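> Coordinates for the following, if possible.
(5 chains, ligands or ions: 2)
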Amino acid sequence: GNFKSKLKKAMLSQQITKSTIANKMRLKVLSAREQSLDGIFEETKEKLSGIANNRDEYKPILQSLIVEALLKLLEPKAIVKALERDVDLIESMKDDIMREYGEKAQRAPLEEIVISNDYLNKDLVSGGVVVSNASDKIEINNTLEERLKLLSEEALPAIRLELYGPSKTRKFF
Amino acid sequence: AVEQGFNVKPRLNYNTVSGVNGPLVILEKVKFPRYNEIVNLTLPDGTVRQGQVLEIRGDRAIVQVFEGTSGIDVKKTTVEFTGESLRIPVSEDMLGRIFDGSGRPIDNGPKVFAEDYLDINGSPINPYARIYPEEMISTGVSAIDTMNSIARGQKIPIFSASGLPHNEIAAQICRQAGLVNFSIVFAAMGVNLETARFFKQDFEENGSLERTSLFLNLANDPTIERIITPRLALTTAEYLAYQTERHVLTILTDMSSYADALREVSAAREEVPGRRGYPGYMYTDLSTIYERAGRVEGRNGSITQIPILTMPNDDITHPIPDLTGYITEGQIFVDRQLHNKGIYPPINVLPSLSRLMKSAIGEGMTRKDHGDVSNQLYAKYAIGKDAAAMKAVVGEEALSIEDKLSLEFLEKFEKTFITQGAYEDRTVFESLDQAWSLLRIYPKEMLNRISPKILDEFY
Amino acid sequence: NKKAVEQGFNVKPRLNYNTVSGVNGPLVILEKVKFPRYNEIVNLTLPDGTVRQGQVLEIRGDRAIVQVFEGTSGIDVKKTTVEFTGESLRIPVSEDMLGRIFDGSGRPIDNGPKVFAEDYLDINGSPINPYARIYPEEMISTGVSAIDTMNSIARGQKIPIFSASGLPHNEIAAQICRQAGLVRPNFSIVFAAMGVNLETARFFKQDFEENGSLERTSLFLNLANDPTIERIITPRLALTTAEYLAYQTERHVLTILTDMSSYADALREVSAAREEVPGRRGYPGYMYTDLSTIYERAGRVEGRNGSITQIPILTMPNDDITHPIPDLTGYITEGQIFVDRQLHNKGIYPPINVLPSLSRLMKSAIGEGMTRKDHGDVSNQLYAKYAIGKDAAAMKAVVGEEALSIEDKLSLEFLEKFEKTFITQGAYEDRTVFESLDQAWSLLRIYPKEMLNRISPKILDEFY
Amino acid sequence: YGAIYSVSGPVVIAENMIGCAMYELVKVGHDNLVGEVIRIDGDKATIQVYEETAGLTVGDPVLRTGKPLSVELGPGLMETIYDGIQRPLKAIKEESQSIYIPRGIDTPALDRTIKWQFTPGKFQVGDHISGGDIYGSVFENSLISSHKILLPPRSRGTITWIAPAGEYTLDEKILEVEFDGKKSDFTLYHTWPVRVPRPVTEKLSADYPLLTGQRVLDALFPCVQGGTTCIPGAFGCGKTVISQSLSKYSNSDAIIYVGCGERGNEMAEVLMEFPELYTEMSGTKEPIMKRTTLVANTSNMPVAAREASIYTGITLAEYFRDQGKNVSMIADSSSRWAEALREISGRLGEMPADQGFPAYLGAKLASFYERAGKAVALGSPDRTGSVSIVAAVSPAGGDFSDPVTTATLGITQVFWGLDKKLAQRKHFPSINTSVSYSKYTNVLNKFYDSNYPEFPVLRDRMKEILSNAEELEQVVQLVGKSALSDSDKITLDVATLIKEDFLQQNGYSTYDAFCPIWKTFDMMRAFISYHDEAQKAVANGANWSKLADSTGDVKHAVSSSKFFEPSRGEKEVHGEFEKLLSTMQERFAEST
Amino acid sequence: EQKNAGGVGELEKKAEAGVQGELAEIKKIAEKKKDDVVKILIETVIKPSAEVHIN
Ligand SMILES: Nc1ncnc2c1ncn2[C@@H]1O[C@H](COP(=O)(O)OP(=O)(O)OP(=O)(O)O)[C@@H](O)[C@H]1O
Ligand SMILES: [Mg+2]
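Numbering: from 1, shown residues only, chains lettered A, B, ... in the order given. Ligands and ions are numbered 1, 2, ... in the order given. Next comes the structure:
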């Protein structure tokens, strides 16, 4: 009887040993999915930086990326933080930005929009602008990197459906 | 075809903070604040803490910070409004994962590959779409399997106190809670590392990590996340049980600690308090948590909540146990007196109750004598307690023959029937046979609660 | 020599505020105040000309909230002028205070001159550095057998006296004052009255005069007629006087704080006047801190031979230890001397119940060099057998005297001869600690040698 | 630099402080009083100053330090006494020449003039050092030798230069660590916020017992090295004496004795007596004071500083745990910490919750008690420490229904309840054996089976004897003892003997100041063998009265076994006990 | 019993190889649909909506 009791304790350790290896291998597959997913987003960042390089194609990008952010602020004055590369482009498109904001919003076009002297980091921000309130208090990070981060955070289920198909376990919804 | 949408919504970074009273951060110049909306407080240090909006004025938006307000300033703290309520990324891969109180994994694994984002608060399940739980869970515990039966879809807490083996009893039920396998969603709200390690070891030894999800909000973790943990665990359980058709056994622990978190938030908000300072809406919050368990029409899954509630001063009249017993479908009462006597499990059967026992302990589901035996055992145990009081007060010789027989019944009921020890695994039929062995002490004439047909058949 | 005098020669004009934003309860709120302090004492001049003295308690921007000691009755917004002294309450302290009778607010009610102050000391004082505080390990032969054999009092102990309303706590406390002395070879008593009646105050004055201690006592009489707000500052004045006379004058001081229940009642009234927390039984949540500020000013300090011993006299409402005042007082102080209504009704003087009584400074100051080597064992055995006797008496009342065993009968006999001969003591009779130990040894010799399990066997062999 | 706007009690709402962080340390007033920000209402910022508020004028400057309340860990802590905010009381006294503590003294938390012998560790130039790794050790005193110098947590990088062996002060550079091209200079000491627990690699299930030295605590309700412990009880019950005895005679490597709301005379007693006592650890007789530091914040000290004292003490314990030592924090009154919290809350205006104690009291107590536990230190080399928190709760009115007591019972694992009935009648330790419980009896079975296999069985037998005697006394007190059986009389007599001789321990007597684990086990064996022999002899047919008359000598020998001084050693004391059982067995056979 | 117990815990290469197929399948799916998923993510990021708040 004593030997049988000792074997029971050893057997319970074998289950823990098998479970620990099973869980470790199970998280290996899950970490492979995240690593594969990170390749999707890292490749997207490379093309997002590539699209910013195309000066002609980036002109309508910064048209929307500024007016869309200004329409959320709904402030008559704004401060635009942007890369030093895009400062001239914004200075050229400022009138179009004012007209588009005044058209999309029922209010009059914003009184004064000024490009902040402090420019975005070249390594981190690869495009877009970070507009702000007149007092530089309420700001919207509308950069391409921030937009991609928001998308990668809040669009995961559709990426799952595209890549790994539907969920076999799921039955409703 | 499943419809999921790609969309990018910019989020305003509000630098304006005008109050960090307690665990509440008060903003000043929010544009169209949204009630019950997740915000991210980027601290001056750099770390971000999640927050939830509890009240909005014309321009203010009071935010409760889950990770606490320690280190929050006004000049360099920016609050980023996500524009949507909290949506935990749910997936069938959550089984085997250990999450924090805020849903962030702590098992040294990747972020959960979301299959869908579900609102934490959920929605009230349609009463017409519910199914009355009739399948009886044959928990190994004799004091439960008999005399207070648990069904698939029941919300039956464990009313315990400080030092009582509520963790051991719940872990025993989880080990052996088969029908007459169960996925487990374990929510830890402010329990100590001893209890968390016990449960984790308990699951690993029994092999439950293949099909369990843990939300460990330890005592070291911030106290406000005790509000968010049970909702996260129960929406994960709802996802599994309904959208996946699993049989989830949700085990909340320290619901008293959750209510203490509510009181801490309610006191900070300076709201009008209820009994013992608890919020006047604590009944509604506890009901929202508890009523997320049950069977649903069409779906082949169920949720069986067993929230481990520790009564603060072993008093069932406390607001937390009172409202929990009023909301839930019963209670398992762990007795300090029985624990002192050395009885395990120290389940005091008299205060314990199972409202679904009546439908789950009929003929066909179990033996035809379950209800009669349970009622007779209850009556004789009450008579035994009264006889013990009479022996304590008046002289023992004054006790009648029935009183002496009932004292003997109490002795053998507590010391042989209730006393079970871990790993015992008494089947319902074996427990009923042992209960009959207990009831065979009395002559068949004395057994009033037993119907004559059952008495003739089984005595 | 003393450089603190030179700071005295400095006149400082004080603002005279005619602005009173409003008065509510015992608090008067001032407005447009120029840089208020937090405890500065202010002198309100009422329209009738009488001058109350108050101290600010909360100071918002250009606003001060004064509570006056003599009550707010008669205060008018238009005519009252407040003078901001600019410094917290400071009793004028001198060595000539020994032998005087002052009032609740420190004013001399002795019909003599104002005290020729040697230094102005803040009544609140400062906490004594625990490193700079010596552990009191010198017994005090209080004469009383109970307080000398079972509750021995050290030189710096702050052991209070717990009693009910009608008990003779004043009679016992006066006995200690007239008999206080070291076991191994005079105390400068400092008496503070807080809300006591005229009969009690006159009894204390006459007892001090009769025993000759009045030449070494500075009484602070604050009777029931006196305003109920300055019961707060009266013990502060007494303890500041004692702290001076001990730590700067090298005098061993007895501090008697009678009717600390009345002091705590005044504290509760002050707290309930504001929107403060009610604690337990209505007493403020900071009552522990205030009672600590009072009691913890006793003790001996390093490098200074002066010592202060505190014998506060409480008044338990229902003779219950569970009441907040006795509970917090026993939590803060270093013991208690429990005066028993049951013993008083039985006819024992002093009616000290030793079981609720305790002396935490007995462990030290009881030993083989300070007292006799058998003192601790004898006291422990006496408590054990007296409690056993009380339990045996209860069992006798319950199931008759015949059911008791030989041990219970011996316990009853020991309790009878202990309460009747040992605790009982004349009001003017003092017993040396060695004589009290001899009587205790006789009481133990009632028992056989075997049953004495608390006596170390060497002591039992040597002293039986 | 802000300004003071409102001073009401120990809280100071200071205006013109936009940018102040929560719990950020400030300097309120011209004397630079130490305070922590609680609320930030706009530019206003309510501060709980840790000093005396008397004399603060509206308009006094308030400096913003920028860092939270940070204890100063490092060499020199071990034999000192602190003021709650880690101010050395000896340094304050020496600098001020006054028996008082002046308001605003800014003495360094650690002596800077003292030169410490430094011995560099296995690390050298170029080795990648991580947070919590030991890069050297210093000789602090004879007892606590090699006070290992730890790299601060959250500090990491490659070692650029290390100081060679020699003598160094705390301000002198000891190490230079390069992280991402930025050099960081490290000294012998390092600061740590008291609010945040010091990180550990992984906590472990505590298994080695904490030998308190008291018989009942060590046998009936044992505590492990690394587990929270609660000691409720009214005044005079024995919580302070139990705590001091545990600190004196425990098997812990270091003691962090924290007194919040305790008298200054208890601190004076500890400072006076601890150097006199000696320990047999480390192979030599060294004073107890060489391995115990005191955080003294008495009851008359500022109210708000009790929380700072608790947190400073627990952080010192966590530091000596990360050093791999077996530390045991001793908080003198968690109830007084809670009363300080209640006073601050009432002065602030928060909702009273229960009894007036703030609604966050339970969470704060849970976090503080969760700081404790056995754990593996953060960095290499691998070493394991533990913090045992044995905190004495002080219920209001002597009732265990207080909110502080309820929260403490909910969070802690060991509950040493004290009954005032036994606190009177000199029955110390006045442990209530009916309500007290220890949840480490299950885990301690490994140690018991390894060293004293019969210890758990004997403890269970004594517990059931005590329970049976409690029931018998309850029935007898109302129905007399004229109907008890012989077995009932034996149980009552043996349990009265146990209460009078075994359970009660005179901690101030030489024989019973410290009853070690082996002596306690042997005396449990003696008492249980006495009870078993009496039961067997009476069951054989002997009348209990005659048996007691014949075996009074054996009963006296058993009851006087406590007088065996443990200083004789395990061999001598156990030799006498083996003869005690043999004589008792013979005197029960000859009588029968 | 001890000899049998030791063999059970050594078994990890089989478990590692079992998941090795899953990693290959994940890598294949990623290499197949990277173009499509990255292109649709790019379309979403590049094409915003100038939408004013409803209120
Ligand atoms: N183990 C013991 N052995 C001997 N005497 C003891 C023991 N424990 C307590 N005592 C005695 O009882 C007294 C109780 O004082 P103690 O400091 O223990 O009180 P406490 O319960 O901690 O009070 P407080 O709540 O006021 O801090 C001691 O001063 C001592 O005289
Ligand atoms: Mg104490």
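
> Could you spell out the sheet neighbours of the helix or strand harbouring residue D:65, each with its direction?
Taking DSSP states H and E as the criterion, residue D:65 maps to strand D:61-68. The strands beside strand D:61-68 in its sheet (DSSP bridges) come out as strand D:2-8 (antiparallel), strand D:24-28 (antiparallel).

> of all those strands, which lies closest to residue B:278?
strand D:2-8 (28.3 Å; C-beta to C-beta). To be clear about C-beta, it is placed using only N, CA and C from the backbone, and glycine gets the same treatment.

> And for that closest one, what's in contact with it?
C:38, C:57-61, D:12-17, D:20, D:26, D:28-29, D:44-45, D:53, D:56-64, D:347 (C-beta atoms under 8 Å, 6 or more residues apart in numbering or on different chains).

> Could you list the contact residues of the stretch 251-400 of chain B toward chain A?
residue B:299 (C-beta under 8 Å from any C-beta of the partner chain).

> Now do the helices in the stretch 251-400 of chain B.
B:255-269, B:282-290, B:319-327, B:336-341, B:357-360, B:370-393 (DSSP state H, counting those that start in this stretch).

> Among those, which comes closest to residue C:276?
Comparing the helices of the stretch 251-400 of chain B under C-beta to C-beta, the one sitting nearest is helix B:255-269, at 17.4 Å.

> what's around the residue of the stretch 201-350 of chain B found nearest ligand 1, how many residues?
Of the residues in the stretch 201-350 of chain B, the one nearest ligand 1 is residue B:313, at a distance of 21.3 Å by C-beta to the nearest ligand atom. Each residue near residue B:313 was counted by other C-beta atoms under 10 Å in any protein chain shown, and the total is 16.

> For it, grab phi and psi.
Main-chain torsions, residue B:313, degrees, to the nearest 10: phi -110, psi 30.

> Surely it touches residue D:401?
Yes: the pair residue B:313 and residue D:401 qualifies as a contact (C-beta atoms under 8 Å) at a distance of 5.5 Å.

> what residues does chain B put near chain C?
Counting by C-beta under 8 Å from any C-beta, no residue of chain B sits close to chain C.

> Let me see the contact set for the residue of chain B positioned farthest from its centre.
Most distant from the centre of chain B: residue B:397, at 45.7 Å, with distances by C-alpha atoms, centre = their mean. Taking C-beta under 8 Å, 6+ apart as the contact definition, residue B:397 lies against nothing.

> Then residue B:198?
Per C-beta under 8 Å, 6+ apart, neighbours of residue B:198: B:167, B:168, B:171.

> Can you give me the separation between it and ligand 2?
Residue B:198 sits at a distance of 33 Å from ligand 2 (criterion: C-beta to the ion, to the nearest Å).

> For residue D:226, see how far away that residue is.
Relative to residue D:226, residue B:198 is positioned 15 Å away (C-beta to C-beta, to the nearest Å).

> Please apply the same query to residue D:37.
Counting by C-beta to C-beta - residue D:37 and residue D:226 are separated by 34 Å.

> contacting residues around whatever residue of the stretch 451-592 of chain D ends up closest to ligand 2?
As assessed by C-beta to the ion, ligand 2 sits closest to residue D:507 within the stretch 451-592 of chain D, at 14.1 Å. Taking C-beta under 8 Å, 6+ apart, we find residue D:507 in contact with D:214, D:241, D:245, D:428, D:429, D:513.

> The residue nearest to it when sequence neighbours are not counted and residue D:224: what is the separation?
Closest residue in space to residue D:507, ignoring its immediate chain neighbours: residue D:245 at 5.0 Å, by C-beta to C-beta, 6 or more residues apart in numbering or on different chains. From residue D:245 across to residue D:224, the span is 18 Å (C-beta to C-beta).

> tell me which element the most centrally placed residue in chain E falls in.
Nearest to the mean C-alpha position of chain E, counting by C-alpha atoms, centre = their mean, stands residue E:26 at 5.5 Å. Assigned by DSSP H and E, residue E:26 belongs to helix E:13-46.

> ok, now residue D:448?
Counting by DSSP H and E, residue D:448 is part of helix D:445-451.

> in that helix, what counts as buried?
D:447, D:448 (16 or more other C-beta atoms under 10 Å in any protein chain shown).

> and whatever helix or strand comes next after that helix, what other elements does it pack with?
Under the assignment DSSP H and E, the closest C-terminal helix or strand after helix D:445-451 is helix D:455-479. Using 3 or more C-beta pairs under 8 Å, 6 or more residues apart in numbering or on different chains; DSSP states H and E as the contact test, the elements touching helix D:455-479 are helix B:370-393, helix C:375-399, helix D:215-219, helix D:445-451, helix D:486-497, helix D:517-540.

> Please list all residues in contact with residue 146.
With no chain named, the answer covers chain A. Taking C-beta under 8 Å, 6+ apart as the test, what residue A:146 contacts is A:128, A:130, B:10.

> right idea, wrong chain: chain D
Contacts of residue D:146 (C-beta under 8 Å, 6+ apart): D:119, D:137, D:138, D:139.

> How about the backbone phi and psi for it?
phi 60, psi 70.

> my read: the residue nearest to the centre of chain E touches residue A:29, true?
Yes: checked against C-beta under 8 Å, the pair residue E:26 and residue A:29 is within contact range at 7.4 Å.

> Which stretch among the strands paired with strand D:61-68 approaches ligand 1 most closely?
Comparing those under C-beta to the nearest ligand atom, the one sitting nearest is strand D:2-8, at 29.0 Å.

> buried ones in that closest one?
For strand D:2-8, by 16+ other C-beta under 10 Å, it's D:2, D:4, D:5, D:6, D:7, D:8.

> The second one bridge partners, please.
With beta bridges defined as DSSP bridges, residue D:4 has these partners: residue D:14.

> for chain E, what are the nearby residues on the stretch 51-200 of chain B?
So the stretch 51-200 of chain B never meets chain E (C-beta under 8 Å from any C-beta).

> How about the stretch 51-200 of chain B: which residue is closest to ligand 1?
Counting by C-beta to the nearest ligand atom, the stretch 51-200 of chain B gets nearest ligand 1 through residue B:162, at 21.5 Å.

> Was I right to think that residue contacts residue B:310?
Yes: counting by C-beta under 8 Å, residue B:310 is a contact partner of residue B:162 at 6.4 Å.

> and the nearest residue to residue B:73 once chain neighbours are set aside, what is it in contact with?
Leaving aside its sequence neighbours, residue B:73 sits nearest to residue D:21 (C-beta to C-beta, 6+ apart; 4.3 Å). By C-beta under 8 Å, 6+ apart, residue D:21 lies in contact with B:44, B:71, B:72, B:73, D:37, D:66, D:68.

> Out of these, which is nearest to chain C?
residue D:37 (18.2 Å; C-beta to the nearest C-beta).

> Got the phi and psi for that closest one?
phi -80, psi 130.

> Please list all residues in contact with it.
D:20, D:21, D:22, D:23, D:24, D:26, D:45, D:46, D:47.

> Run a quick neighbour tally on residue A:106.
Residues near residue A:106, counting by other C-beta under 10 Å: 8.

> so how far is residue D:200 from it?
On the measure of C-beta to C-beta, residue A:106 and residue D:200 end up 59 Å apart.

> ok, now residue A:94?
56 Å.

> Give me the more crowded residue out of the two.
In this view residue A:94 and residue D:200 are compared by other C-beta under 10 Å, and residue D:200 has more residues nearby, 21 against 16.

> What are the boundaries of the strands in the stretch 101-250 of chain D?
Secondary structure of the stretch 101-250 of chain D (DSSP state E, counting those that start in this stretch): strands located at D:116-120, D:128-129, D:134-138, D:147-150, D:157-162, D:166-168, D:175-179, D:182-186, D:190-193, D:202-203, D:229-230.

> To chain E, which of the ones you listed lies closest?
It is, among the strands of the stretch 101-250 of chain D and with distance given as C-beta to the nearest C-beta, strand D:202-203, at 20.4 Å.

> contact partners of that closest one?
B:193, D:373, D:374, D:375, D:376.

> who wins for neighbours among those residues?
Going by other C-beta under 10 Å, residue D:373 tops the contacts of strand D:202-203 with 26 neighbours.
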